[PDB]
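Notes follow the structure.
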Amino acid sequence: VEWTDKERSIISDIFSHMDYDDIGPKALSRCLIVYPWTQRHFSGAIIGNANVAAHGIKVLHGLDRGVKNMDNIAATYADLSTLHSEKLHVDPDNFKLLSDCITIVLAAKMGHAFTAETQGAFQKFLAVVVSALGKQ
Amino acid sequence: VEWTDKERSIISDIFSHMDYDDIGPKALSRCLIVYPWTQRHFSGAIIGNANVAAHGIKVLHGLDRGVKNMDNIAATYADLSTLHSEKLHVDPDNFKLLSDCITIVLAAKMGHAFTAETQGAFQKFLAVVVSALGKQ
Amino acid sequence: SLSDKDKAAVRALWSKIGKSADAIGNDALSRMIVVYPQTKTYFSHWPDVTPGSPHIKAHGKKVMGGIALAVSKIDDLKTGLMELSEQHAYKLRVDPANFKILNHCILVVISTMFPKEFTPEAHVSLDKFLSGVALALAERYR
Amino acid sequence: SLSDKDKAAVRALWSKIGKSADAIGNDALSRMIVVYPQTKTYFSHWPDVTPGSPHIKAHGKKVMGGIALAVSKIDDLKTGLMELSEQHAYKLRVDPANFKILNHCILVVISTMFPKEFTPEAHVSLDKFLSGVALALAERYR
Ligand code: HEM
Ligand code: HEM
Ligand code: HEM
Ligand code: HEM
């Protein structure tokens with residue numbers, strides 16, 4: 001993918017002011033409430049469950065890993081891809097759904113700072129990261 | 001993207017036994033009928049219209065192009081890509097639709113020779129080709 | 001939603017195609033599993049889950065039995081498939097994203113078998129009919 | 001389809017949100033245009049197709065007016081939105097795939113302005129509602 005310096009700045013800015021313990025859990029809770037069928041991947045109220053909060057955090061950290069390697073993104077996730085694919089049995093579609101939830105939770109955090117230009121950069125980044133994850 | 005020799009073999013074999021003047025118009029005819037809204041790019045009957053027949057053929061000739069450059073697809077269509085978006089204003093969702101129509105028409109001509117393995121390889125091809133088109 | 005002509009097209013087609021329902025379900029199920037591996041997991045409890053398999057073959061029969069059902073209840077799919085929906089959602093817990101995939105494979109197979117009857121017109125109506133079926137199946141997920 | 005809990009959920013939210021309908025329509029429409037350039041075509045006849053623009057600000061009022069209409073006709077979206085479906089499919093010939101997009105942008109905007117209001121529970125019902133609107137709007141395409 002092609003990145004502009006502006007996009008590098010924006011994504012870096014967002015992830016350096018993000019609070020993982022807050023955004024992480026909220027973004028996963030929302031996905032499990034809005035798209036109930038994803039729940040089958042946590043077979044053991046949803047907003048208070050510590051195991052959910054835990055993977056929510058892991059997800060954001062997994063993304064942070066991509067923010068540092070914006071140029072070598074496919075390789076960076078190859079392993080995590082197999083994890084979700086071959087072993088956890090995740091439907092590739094579920095990644096795109098979580099993607100939207102993360103965007104919505106972030107927008108409610110940054111409020112008026114989540115300008116259209118910021119949305120553009122953040123979504124393009126999640127896109128590349130979702131393809132990589134649903135490719136192996 | 002990764003290609004196995006077996007795949008390279010089917011995709012190549014598929015395109016050499018295919019009569020373009022036949023598959024081209026039928027695939028486009030069908031798409032224009034099954035998904036009516038794509039008809040607004042040929043406003044300047046459907047099954048008999050020569051302008052539609054002609055573009056259907058051009059489509060197959062453009063796919064043939066990417067068959068000759070399997071390890072260089074995104075680059076091979078960068079020109080066609082900008083034409084359909086910049087000038088033609090074709091919604092990228094429309095490539096997804098035409099993709100399925102070609103599969104269905106091809107499936108009717110090859111009959112039972114159109115195995116699940118043949119299908120898988122041919123769909124993977126169009127998937128990659130559609131990505132390079134709706135990307136720019 | 002399905003129109004009067006859409007409904008008559010589907011019935012007309014089903015009247016010709018119906019006799020090969022079992023064969024259609026087997027082939028369609030094989031293609032889905034193969035062409036889209038991600039769907040194999042739902043059938044892992046079966047010993048042999050390959051094209052030839054007797055479990056796929058048995059299940060291809062129930063699937064088409066479900067299509068035959070929808071065809072009968074075509075005037076109200078939502079209440080007609082309330083059961084299958086409740087089942088795939090809470091019991092099998094199948095991801096709703098896969099219904100379009102199976103629909104696509106069924107279309108391919110029908111082209112494969114009845115190229116002469118599966119005209120573009122038939123295709124329009126059968127497609128809307130299957131979108132309706134997928135929509136009704138997704139009914140009890142949220 | 002929307003349940004009584006969904007219908008109640010949307011009315012409750014809308015009563016807190018409705019006052020800012022015009023703000024929401026403008027912001028949402030601006031975002032769509034910037035984030036999904038592909039949708040710039042349909043508004044190409046306007047002189048100023050940018051965030052500030054008086055045409056965008058004007059049209060946003062109408063789009064939200066359509067949503068307000070959908071809220072009233074919630075019990076029957078298909079017939080309540082028939083005319084608008086007619087208009088987008090034949091007069092404007094707007095590709096139907098874009099309704100998903102605008103719906104996404106509106107959800108983001110509502111999230112941006114009413115973060116305390118837009119709970120996961122409201123979200124599920126509003127998403128079901130917006131999908132139904134998208135579905136009603138595609139009614140007359142094929
Ligand atoms: C935005 C994309 C995602 C990222 C970056 C991500 C990242 C991660 C990471 C870093 C782990 C821990 C690895 C380990 O223990 O070796 C993990 C585990 C897991 N992920 Fe994800 N994930 C993502 C999406 C999803 C989705 C959509 C689902 C389906 C709801 C899912 C389900 C799981 C499951 C079931 C586990 C094991 C649970 C556990 O933590 O014990 N993940 N993920
Ligand atoms: C499967 C992908 C497609 C391929 C490979 C393809 C290829 C082509 C080519 C080679 C041209 C000729 C332009 C020239 O002379 O420079 C063209 C033109 C055009 N295409 Fe496509 N196309 C595809 C999909 C589509 C779709 C989905 C639409 C919308 C239904 C569309 C609409 C048009 C229009 C309106 C023109 C200009 C008229 C013409 O010269 O026939 N194309 N396309
Ligand atoms: C055209 C849409 C579909 C129809 C009409 C349909 C119909 C059925 C029927 C009739 C049953 C039989 C169970 C019983 O009588 O109690 C069933 C079972 C099942 N279905 Fe579906 N189905 C559809 C799509 C799917 C999809 C897309 C998947 C998974 C990717 C799926 C997965 C299953 C599984 C795993 C079972 C249980 C198999 C077994 O252990 O017997 N179905 N379905
Ligand atoms: C949330 C779903 C939508 C609603 C409720 C909606 C509503 C409306 C309404 C009420 C009009 C009124 C014009 C008049 O007074 O007759 C209109 C016009 C229009 N809409 Fe939509 N619309 C929606 C989605 C879309 C989408 C996705 C697009 C394409 C990106 C679109 C493109 C247009 C265009 C091009 C016009 C004509 C504008 C002009 O020239 O004045 N609409 N819409």
Side-chain angles (χ1 to χ4, degrees), chain A residues 1-2 120 123-124 127-128 131, chain B residues 1 11 15 18 20-21 23-44 46 49-70 72-106 122-136, chain D residues 32-45 49 88-89 92-102 138 141-142:
Chain A
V1 292
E2 202 66 306
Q123 293 193 176
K124 174 186 177 184
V128 183
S131 314
Chain B
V1 299
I11 296 179
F15 278 92
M18 196 188 281
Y20 293 178
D21 303 311
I23 305 297
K26 289 176 193 176
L28 192 60
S29 297
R30 186 168 288 259
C31 182
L32 293 188
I33 291 171
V34 178
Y35 303 111
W37 54 89
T38 56
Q39 280 174 42
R40 77 160 196 159
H41 297 297
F42 305 97
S43 295
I46 279 171
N49 185 304
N51 295 301
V52 175
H55 179 261
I57 294 177
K58 294 188 180 185
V59 167
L60 259 49
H61 275 102
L63 282 182
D64 171 284
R65 203 203 295 186
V67 177
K68 292 172 176 166
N69 310 310
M70 292 193 77
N72 190 63
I73 297 179
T76 296
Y77 294 108
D79 61 307
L80 276 185
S81 177
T82 303
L83 178 68
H84 291 82
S85 160
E86 220 66 12
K87 176 209 167 189
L88 273 24
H89 303 309
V90 169
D91 201 76
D93 191 67
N94 297 359
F95 298 112
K96 190 289 174 305
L97 305 181
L98 180 64
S99 185
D100 293 348
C101 289
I102 290 180
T103 300
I104 289 166
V105 168
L106 180 61
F122 190 68
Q123 289 200 187
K124 182 176 174 181
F125 172 62
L126 299 169
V128 185
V129 181
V130 165
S131 283
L133 287 163
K135 178 179 59 185
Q136 302 196 318
Chain D
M32 179 183 66
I33 276 176
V34 177
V35 175
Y36 305 89
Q38 14 156 320
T39 67
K40 219 195 292 70
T41 326
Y42 310 104
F43 305 102
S44 65
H45 57 288
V49 177
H88 280 85
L92 312 167
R93 307 197 104 297
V94 165
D95 196 293
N98 299 109
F99 299 126
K100 290 135 66 299
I101 299 175
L102 181 60
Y141 281 76
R142 29 119 73 151

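Excluded from the calculations below are hydrogen atoms, water molecules and symmetry mates; all remaining heavy atoms, backbone and side chain alike, are included. Chain identifiers are assigned alphabetically (A, B, ...) following the order of the sequence lines, protein sequences preceding nucleic acid strands; residue numbering begins at 1 within each chain.
Applying the side-chain hydrogen bond (donor to acceptor under 3.5 Å, both in side chains) criterion to D/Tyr36, with sequence neighbours excluded, gives A/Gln123. In this view, D/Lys40 and D/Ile33, D/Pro37, D/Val49 satisfy the side-chain contact (heavy atoms from CB on, under 4.5 Å) rule, not counting sequence neighbours. Looking at residues two or more places apart in sequence or on another chain, you find a side-chain contact (heavy atoms from CB on, under 4.5 Å) between B/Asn51 and B/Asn49. Here B/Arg65 pairs with B/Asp79 under the side-chain hydrogen bond (donor to acceptor under 3.5 Å, both in side chains) rule; sequence neighbours left out. Remark: B/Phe125 engages B/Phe15 in a ring pair (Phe, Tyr, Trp, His ring centres under 6.0 Å) (not counting sequence neighbours).
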Please output the side-chain donor-acceptor pairs of residues 54-64 of chain B that fall under 3.5 Å, not counting sequence neighbours, one pair per line with the distance.
| unit_1 | atom_1 | unit_2 | atom_2 | d |
| --- | --- | --- | --- | --- |
| B/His61 | ND1 | B/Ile57 | O | 3.2 |
| B/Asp64 | OD1 | B/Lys68 | NZ | 3.1 |
| B/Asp64 | OD2 | B/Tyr20 | OH | 2.9 |

Show the atom names and distances, to 0.1 Å, of all donor-acceptor pairs under 3.5 Å that link a side chain in residues 93-106 of chain B to residues at least two apart or in another chain.
| unit_1 | atom_1 | unit_2 | atom_2 | d |
| --- | --- | --- | --- | --- |
| B/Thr103 | OG1 | B/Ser99 | O | 3.3 |

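Atoms CG and OG1, on B/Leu133 and B/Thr82 in that order, are 10.0 Å from each other to the nearest 0.5 Å. The CD atom of B/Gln136 sits 11.0 Å away from the CG atom of B/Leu80 when rounded to the nearest 0.5 Å. Note: D/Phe43 CZ to D/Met32 CE = 4.5 Å, rounded to the nearest 0.5 Å. Taken to the nearest 0.5 Å, the CD atom of D/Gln38 stands 12.5 Å off from the NE2 atom of B/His89. Note that the CZ atom of B/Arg40 and the CG atom of D/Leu92 stand 10.0 Å from one another [nearest 0.5 Å]. Rounded to the nearest 0.5 angstrom, B/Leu32 CG and B/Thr38 OG1 are separated by 4.5 Å.
Checking side-chain atoms of B/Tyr77 against main-chain N and O of B/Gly66 turns up a donor-acceptor pair under 3.5 Å. Looking at D/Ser44, its side chain does come within 3.5 Å of a backbone N or O of D/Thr41 through a donor-acceptor pair. Panel note: side chain B/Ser85, backbone B/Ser81; no donor-acceptor pair is recorded below 3.5 Å. Of the possible polar contacts, one joining the B/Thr76 side chain to the B/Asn72 backbone as a donor-acceptor pair under 3.5 Å is found.
Screening residues 124-136 of chain B for salt bridge (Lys or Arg N to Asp or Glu O under 4.0 Å), with sequence neighbours left out, gives B/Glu7-B/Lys124.
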**Report entry** D/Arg142 and B/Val34: CA distance, side-chain angles, deciding distance, side chain to side chain contact (heavy atoms under 4.5 Å, CB included) verdict
**Finding:** CA-CA 8 Å; D/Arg142 29 119 73 151; B/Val34 178; 3.6 Å; yes

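Contact detail for B/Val129 and B/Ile73: the closest heavy-atom pair is CA-CG2, 4.3 Å. The minimum heavy-atom distance linking B/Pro36 with D/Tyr141 is given by the pair CB-O, 3.6 Å. Across all non-hydrogen atoms, the minimal contact from D/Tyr42 to D/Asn98 is OH-OD1, 3.8 Å.
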